[PDB]
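Chains as they are written, first to last, in PDB author numbering: chain 3, 54 to 275; chain A, 9 to 750; chain J, 1 to 42; chain 2, 62 to 264. Note that beta-carbon positions come from the ideal geometry of N, C-alpha and C, so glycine has one too. Written out below as structure tokens is the structure these notes cover.
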Amino acid sequence: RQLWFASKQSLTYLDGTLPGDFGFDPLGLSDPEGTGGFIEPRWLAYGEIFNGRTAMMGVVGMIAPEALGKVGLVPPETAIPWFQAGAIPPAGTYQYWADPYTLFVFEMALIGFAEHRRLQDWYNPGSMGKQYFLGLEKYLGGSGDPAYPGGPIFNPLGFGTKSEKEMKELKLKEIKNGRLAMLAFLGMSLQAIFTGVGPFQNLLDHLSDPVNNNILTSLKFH
Amino acid sequence: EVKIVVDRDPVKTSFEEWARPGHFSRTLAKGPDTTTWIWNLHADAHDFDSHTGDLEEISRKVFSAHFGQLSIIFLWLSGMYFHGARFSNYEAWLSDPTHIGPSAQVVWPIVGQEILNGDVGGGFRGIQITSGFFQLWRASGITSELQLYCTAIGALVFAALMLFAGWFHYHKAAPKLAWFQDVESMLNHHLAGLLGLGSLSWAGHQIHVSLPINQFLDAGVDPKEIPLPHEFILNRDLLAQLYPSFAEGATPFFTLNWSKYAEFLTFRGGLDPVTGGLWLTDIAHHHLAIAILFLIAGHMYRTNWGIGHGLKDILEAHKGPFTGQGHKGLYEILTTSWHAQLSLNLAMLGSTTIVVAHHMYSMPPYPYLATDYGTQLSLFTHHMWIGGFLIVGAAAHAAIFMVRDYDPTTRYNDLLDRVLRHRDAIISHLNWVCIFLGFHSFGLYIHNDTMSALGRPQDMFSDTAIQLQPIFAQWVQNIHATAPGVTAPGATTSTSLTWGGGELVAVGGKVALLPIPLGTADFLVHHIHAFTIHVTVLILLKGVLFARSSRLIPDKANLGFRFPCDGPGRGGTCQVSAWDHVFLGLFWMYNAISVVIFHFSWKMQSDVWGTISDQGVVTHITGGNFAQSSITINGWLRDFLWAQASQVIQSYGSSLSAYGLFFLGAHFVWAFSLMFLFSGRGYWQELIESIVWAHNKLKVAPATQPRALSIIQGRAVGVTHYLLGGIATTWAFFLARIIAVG
Amino acid sequence: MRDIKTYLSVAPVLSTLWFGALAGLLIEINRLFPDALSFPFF
Amino acid sequence: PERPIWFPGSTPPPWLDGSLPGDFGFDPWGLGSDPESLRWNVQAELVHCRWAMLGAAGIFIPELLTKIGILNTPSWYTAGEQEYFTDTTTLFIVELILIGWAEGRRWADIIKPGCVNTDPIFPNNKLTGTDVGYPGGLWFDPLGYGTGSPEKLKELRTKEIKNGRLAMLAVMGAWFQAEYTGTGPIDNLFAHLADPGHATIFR
Ligand code: CLA
Ligand SMILES: CC(/C=C/C=C(C)/C=C/[C@@]12O[C@]1(C)C[C@@H](O)CC2(C)C)=C\C=C\C=C(C)\C=C\C=C(C)\C=C\[C@@]12O[C@]1(C)C[C@@H](O)CC2(C)C
Ligand SMILES: CC1=C[C@H](O)CC(C)(C)[C@H]1/C=C/C(C)=C/C=C/C(C)=C/C=C/C=C(C)/C=C/C=C(C)/C=C/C1=C(C)C[C@H](O)CC1(C)C
Ligand SMILES: CC1=C(C/C=C(\C)CCC[C@H](C)CCC[C@H](C)CCCC(C)C)C(=O)c2ccccc2C1=O
Ligand code: SF4
């Protein structure tokens, strides 16, 4: 059990049974003595894995389109740095089949079904496989662990087929990857504010010229 | 340690108690015995201490209650921003702020009351405001009706946030006691988080928005063409065209070459000749300097890691020979009693409000605030009254602590003990001074008046006769005038313009400020203020010390905080409760403040304000008569009350009519209060009985039996009206007078 | 639901609702028959 | 009990038990928490279901048929302003009387069931309905169609409310659309069909 910047408070509750544990917690948050809302160690763990997963597909989409624009068969029109895809109009935009704010509400409705149902199973286990939902109820009950619902829709082939250690090994891989992605996305942002030439370019700027080291420069431009 | 343990769902959200009035108190809940019941319902609504006996619930109620108070303020702010956007000539005011009155209220024309819509100019009509928001919205570079609208929505949203927050933290997840009592972290966050990061963030908005934009308007441009504030923050070259230090970016800040930002971070001092306000570079620097000081101060008290102080140990090292055990034990009695903290906070916040009013008239911080005589008089008068009341409140709650929470068997303190033991000395000595000042402050006015009446104007106390020169104020004025020479080499000019040296600042034919002389006539009135302040201290201080016992009544504590009397024995014991000492203090607070805001109004019109000739000669509003006519009591009647009430009295038939009515209306309420103060209850109870009999005759006798007001309510209503009549009369007296003459 | 109606029936809440209606009525009449110094119908 | 709930997996309020037609356990504020208000409100929702159903028929069908060339009906929005064979006021007055007659008798049945169903003039014209709000009778059931077994009316009545709820939204749809769009409802349909991703509330 490797520990990183541990604390006496941390090792009272960070037992290591939770995957991704390294006993790093110096702000009293996951402390189980204080539990109102959103300070439950489960909920925080629930928010930990989900944020990582969103990062794990958020990161890749944050470097895929321009880098695939480096050699790939994507017509350069839809090959753009991530912040000018249309999310931030003052960085730029692109005219998709829609006009924006209809894409948003569409997206917020599609998400609404998955999200809210994803919430109820945390409140009431097995509830989301009870009321009629055009079939599919046989799967949407979940395996009892909200973060790891399982089922043929979520775990189609089935890994963690039968090994808890592997699953514990796997889930350890799932969080450390998750932490890696959260920091990484925080990297793609703060680079953008200072560099302002896009994420993957800013690695070349340090590739062709390691003596660039924009740290010492700290020039700001859009 | 320091953690966040709260509860889950203490009290269930339901409407039952909304239909059981007086549920909170066991006594009130049984029902309306008589009409005395419907008065005790409100008198004990908020007294959370009397409802329950443990600190945890009292805490959660005050914590959630504040959220309501916080929410209303946001709703109040939201209206002010909304009203300024939909019903104001703000955008017109941004063109000629010198000579277009700020108007942000428009009345519906029903019963002829559209005469109230005054010709405030700018192609608009409406009630001319005086709260001075317009100078505040210009100092922040608003320059649009749209931007005033969006903040109004933003202000409104937070009101829903706060109000929601209040609900959540009392019915859903209420904090525990251990959360509240951890007062080291409390201070630690407020100093660094609220106070500290509040300024730094604001010092941000001034650097990127208020400064470069207002530098356009002051340079002189129509408001419609000023590039929007997000253009500077995007197009960094625009900030270059004004402020070349913005080319290098934030790297000098990191290489300690701080003298590169000298274009927009300075130490000028003085006032701006163009706009008559402070230099926004100084203000920009000021919040930045404050930010660092607060933030570092935030990191003092130990919270969870090794570093930091212990507030308990700081109070337990200062103990002296004369004092004995010193500040040991004050940590408890300032932690397990809300009435201690409320009394201590009230005094400081009360005092600070006053210092705010002394600075905002001498170092005018917003542009085009100096030459706004309607605003200066109101803002100075407003915060004096607010400051006056809050101090009186600190006496009441200190008195309540002595009766309810104080206990010398557990929460024992030594200093608060020694102070009690020699209380006879404290009051008697404070009694002698209040007499000494009484004879030598008012008496000099009386002697002046007598000699003047007898035809002996060479025995009066004045600059032209026996002289009383304030030298100590005249000396300190001298020091601040020459401070820019030696003792503050950085400063270009003095911190103000009222120092006994320098030169005036003229803005659009209206004096901003000039050195305020201090002769004999000012010496007397400063010793009037020293008199009424002392007397007000005497009443409140006597109440606090003698709130538990005295040589008359040895068990006054057992009688509570606000009880009427102890009967007519021992010669008569009317008004011995600490509540009746604060009841008496209110008048003197009303007395001290009123002369202060009289002193300010006459001194500024006679010696400072007024138009200015193109040639350069200055003519003040009243012709500079303060230095001769303010030394005789009859002088304060002829040339201040009688001669400056002309505008209010003849304000009928023009937009200032509403002040003419309030002037009278406030007299009526003032004279009305006397019926309650002078008379007593036992007469009004009997007359009620005969009236009640007639209703028995016609069968219309109610079942909540009529009763006269309780003894301490007859006083409470008596003082309240008296204060309302007195303050409002001055209100209508001031606004109508100053609005017409400038 | 019952508790809400009861609360709405307590004296102060009726007062503002009753007087508010009364204020609206008088204001309307003065808007339609203004100045009204005499009653010149009969 | 196990009937579908508006919010699946939530706990429906006790006073909603699925008996009434259209009871998907939806009452967050508990407006029908007490039985009596429920009884009145059941009527309130019921009649509102019928008026809008005609209103939806009143707005959409003519505007549809006038959008194509078959007829001449103007916009429902300015329908009131139009001048018909007499002044609007008297027709509204005439509407006040006749509706007040039915809205009078219906009122009596609500406050006192079963005391209104016999013809005041020709007493052999008695009405057949038994449930409050379902008058029955030959005037209002020219062939019956309401006198059947349960689990059929519950189906049928739910087929009456569930359509009515569909109307009340739609007519308020035609309401707000006519205000902030400049045209009729059908245009707001078509301009949404040419560029669905562009022409919306966000212009
Ligand atoms: C105009 C009305 C008035 C006057 C003159 C006074 C005067 C006084 N009040 Mg007072 N008071 C008043 C209204 C007034 N009150 C009202 C309305 C209230 C209710 C709120 C109070 C409540 C109140 C309290 C609660 C207290 C006072 C106190 C005082 C005394 C302190 C001032 C002092 O020592 O000066 C000295 C006296 C004067 C300035 C009066 C004028 C004297 C001149 C200079 C000369 C007089 C002539 C001279 C003696 C020649 C004699 C001639 C010969 C033929 C006899 C003083 C006697 C305080 C006190 O006594 O403790 C110190 C105190 O605690 N009063
Ligand atoms: C939408 C509506 C009511 C909606 C009520 C809602 C959402 C309440 C929901 C909730 O309470 C519940 C359920 C449960 C609570 O716990 C939660 C909330 C959320 C609080 C009524 C519309 C009702 C709509 C109606 C009645 C429409 C009537 C149409 C009429 C009368 C005809 C009009 C015409 O004649 C004119 C005007 C002009 C002609 O040219 C044209 C025609 C059309 C012919
Ligand atoms: C633990 C602890 C404890 C102690 O006691 C104290 C402390 C230390 C303080 C703490 C710490 C904490 C932390 C650090 C945290 C972090 C987190 C994160 C970062 C997350 C992220 C997170 C993040 C995330 C999710 C992200 C995501 C993203 C995404 C999706 C993206 C998207 C996109 C794209 C693609 C493109 C387009 O065009 C745009 C967009 C739309 C934009
Ligand atoms: C006048 C006076 C009264 C009499 C005042 C009373 C009894 C209260 C004033 C009457 C109030 C206004 C009750 C009327 C309000 C009722 C709720 C009825 C409301 C109906 C209105 C809508 C018309 C005292 O009781 C008293 C007690 C102690 C010292 C001095 C005095 C004192 O001076
Ligand atoms: S007069 Fe009133 S206050 Fe004085 S003793 Fe009698 S009862 Fe008490």
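Of all C-beta pairs linking the region 272-290 of chain A to the region 502-520 of chain A, three or more are shorter than 8 angstroms, placing the two stretches in contact.
Not a single heavy atom of ligand 4 lies less than 8 angstroms from the C-beta of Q583 (chain A).
Chain-ordered, the residues whose CB falls short of 6 angstroms from any heavy atom of ligand 1 come out as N439 (chain A), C442 (chain A), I443 (chain A), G446 (chain A), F447 (chain A), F450 (chain A), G451 (chain A), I454 (chain A), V543 (chain A), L546 (chain A), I547 (chain A), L592 (chain A), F595 (chain A). Sequence-distant Cβ neighbours of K229 (chain 3) in its own chain, meaning closer than 7 angstroms and more than five residues away, are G73. Neighbourhood of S98 (chain 2) in chain J, by CB distance below 7 angstroms: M1, in chain order.
In this model, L303 (chain A) and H628 (chain A) are separated by some 45 angstroms (Cα to Cα).
In the three-state scheme derived from DSSP, where H, G and I count as helix and E and B as strand, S663 (chain A) is classed as coil. As the crow flies, the alpha-carbon of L532 (chain A) is around 31 angstroms from that of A404 (chain A).
For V128 (chain A), the enclosing beta strand (DSSP E) stretches over residues 126-129.
Residue environment: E212 (chain 2) is assigned as exposed (fewer than 16 neighbouring CB atoms within 10 Å of its CB, all protein chains considered). Going by DSSP, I118 (chain A) is part of no beta strand (DSSP E) at all; its letter is neither H nor E. By alpha-carbon distance to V70 (chain A), the top candidate from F188 (chain A), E24 (chain A), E25 (chain A), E99 (chain A) is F188 (chain A). For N421 (chain A), the number of other beta carbons within 10 angstroms of its own is at least 16, and it is reported as buried. Taking a C-beta cut-off of 7 angstroms against chain A, the contacting residues of the region 4-16 of chain J are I4, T6, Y7, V10, listed in chain order. Here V229 (chain A) is exposed. Its C-beta has fewer than 16 other C-beta atoms within 10 Å. For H317 (chain A), the beta-bridge partners assigned by DSSP are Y309 (chain A). In the three-state reduction of the DSSP assignment, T472 (chain A) falls in the coil class, being assigned neither a helical nor a strand state.
By the Cβ neighbour-count rule, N265 (chain A) is exposed, with fewer than 16 other Cβ atoms within 10 Å of its own.
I129 (chain 2): not part of any alpha helix (DSSP H); DSSP gives it neither H nor E. Assigned with DSSP and collapsed to three states, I620 (chain A) falls in strand. Look at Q173 (chain 3): its C-beta is under 9 angstroms from a C-beta on chain 2.
Using a 10 angstroms sphere on the CB of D180 (chain 2), the tally of other CB atoms stays under 16, which defines it as exposed. Every alpha helix (DSSP H) stretch that sits fully inside the region 89-154 of chain 3 and reaches 4 residues is listed by chain position as 94-114, 117-124. DSSP lists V14 (chain A) as the beta-bridge partner residues of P183 (chain A). For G134 (chain A), the enclosing beta strand (DSSP E) stretches over residues 132-136. Contact note: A27 (chain A) reaches chain J through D3, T6, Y7, using a C-beta cutoff of 7 angstroms and chain order. Around the beta carbon of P465 (chain A), a 10 Å sphere encloses fewer than 16 other beta carbons of the protein chains shown; the residue is thus reported as exposed.
Not one heavy atom of ligand 5 lies closer than 8 angstroms to the C-beta of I561 (chain A).
Annotation: the continuous beta strand (DSSP E) that includes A112 (chain A) extends over 111-113.
Residues are counted here when their Cβ sits less than 9 angstroms from a Cβ of chain A; for the region 67-93 of chain 3 these are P79, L80, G81, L82, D84, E86, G87, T88, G89, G90, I92, given in chain order. The beta carbons of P373 (chain A) and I291 (chain A) sit about 7 angstroms from each other, so the pair counts as a contact at 8 angstroms. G508 (chain A) places its beta carbon less than 9 angstroms from that of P525 (chain A). Under a criterion of Cβ atoms nearer than 8 angstroms, the residues of chain 2 adjacent to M181 (chain 3) are, in order, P69, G70.
Following the DSSP letters along the chain, one finds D415 (chain A) in no alpha helix (DSSP H), marked with neither H nor E. Chain 2 has a Cβ within less than 9 angstroms of the Cβ of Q184 (chain 3). By the neighbour-count definition (other C-beta atoms within 10 Å, threshold 16), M356 (chain A) is an exposed residue.
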